[PDB]
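Only one chain comes next, encoded as structure tokens, the form deposited in one PDB entry.
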């Protein structure tokens, strides 16, 4: 089969020169509709983004959307077993900036996460999850407004590497024999009927992630960067991530000891502000985000902890369904809805398009189209304050006006 992707006639490709995106006034942006509710949320995002772009630049700029495929729809387009076509990886890399709805992975075929596959195959090593509170959002906590954090989750290593062998398989036995006989491992409690997973953490992987977090703190004049890890138990992976993170702050950003340690102060070269570089053990950190959220800002952590932290924070601010996210690498970036596919409601024009819309806000900002991005934030803040919202919010409040998915997109536009 030939490609089924149609490159927009009007429209120009974004280019990269010196780690800086050169964005034309008519950029072609690939988008993946997404499985399940992607069918509801993606069109709402397309309309909201076009309106923000149109309103901000008065018609001088316009995105040429180009549909590309991954997931169930990809099998419908490309046939049986084509869940993630090579052309999709090629196109995201070529066009530099893309966005996607939610995706789920089939079970029973030995296929691993399609979301993780996109991240790893494109080497999008930064999973960026900013978490703030939108006034008027129903929240399970007393002071959600105190939460304003940005999570830099390492996206290329950790136990997500997907290196593991099934209990009783010849391979697991082979690995366990090697560990026990050649490495002298004596700590496996039950070596029989035992599954084995491998957790890698490297200096290069850690430093490119932490480097991005510190550059982000500098560029946005944030107050601190917290390295979250479980290094007191996993000394050589989690503990190494922490050590390498502080080392990078010292070696590349002039970080110097605060008092007697272990925190460092990094001077913002643009504002002269002192950015604090500190660290917190992961289990205590899940308590601290609830008890002292105001003391945290930019967070840098490994893949698994980042997954947990991002989710816990989204829930606490009432944003489980409106949490934006990006996967960024040195050559391209893929923005994404961060919730699941919710098939029970798919096609009903019911769910909250807020997450994919705020991920589109991050995309526009990444493109340097900050005015259009600010209009989306403004629209989202006003629609939620107006209490004109989708069921997931409405059901938790009194005095709200219930809107369909598409209608909430319109409300966002109405509030720009």
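Positions refer to the first chain, counted from 1.
Out of 405 to 413 and 3 to 11, which stretch has the higher average CA B-factor listed in the record?
In the deposited entry, the stretch with the higher C-alpha B-factor mean is 3 to 11.
Check the entry's C-alpha temperature factors for 275 to 283 and 71 to 79, then say which stretch has the higher mean.
The deposited B-factors put 71 to 79 ahead on the C-alpha mean.
Highest-ranked of 329, 108, 197, 101 once sorted by CA temperature factor in the record
Comparing C-alpha B-factors across 329, 108, 197, 101, the maximum falls on 108.
Tell me which of 129, 208, 174, 339 tops the list for C-alpha B factor in the record.
Highest C-alpha B-factor among the listed options: 174.
Compare the C-alpha B factor of residue 138 with those of the other modelled residues in its chain, then answer lowest, middle or highest third.
Ranked within chain, residue 138 CA B lands in the highest tercile.
What third of the chain does residue 34 rank in for C-alpha temperature factor, lowest, middle or highest?
According to the entry, residue 34 has a C-alpha B-factor in the chain's middle third.
Which third, lowest, middle or highest, does the CA B-factor of residue 347 fall in along this chain?
For residue 347, whose C-alpha B-factor we compare with every modelled residue in the chain, the answer is the highest third.
Split the chain's modelled residues into thirds by Cα B-factor; is residue 390 in the lowest, middle or highest one?
Residue 390: CA B-factor falls in the middle third of its chain.
Tell me, lowest, middle or highest third: where does the Cα B factor of residue 161 rank within its chain?
Its C-alpha B-factor belongs to the highest third of this chain's values.
Below, we refer to the form deposited in another entry, which is not included among the displayed structures.
Hinge assignment for the rigid-body change between the shown form and the other one, options 125, 158, 242, 309:
In this comparison, the hinge residue comes out as 125.
Relative Cα spacing, residue 160 and residue 71, in that other deposited form - shift of 3 Å or more
Farther is correct, given that in that other deposited form the C-alpha spacing of residue 71 to residue 160 is increased by at least 3 Å.
Pairwise C-alpha change, residue 70 versus residue 160, in that other deposited form against this form - closer or farther, 3 angstroms or more
Farther is correct, given that in that other deposited form the C-alpha spacing of residue 70 to residue 160 is increased by at least 3 Å.
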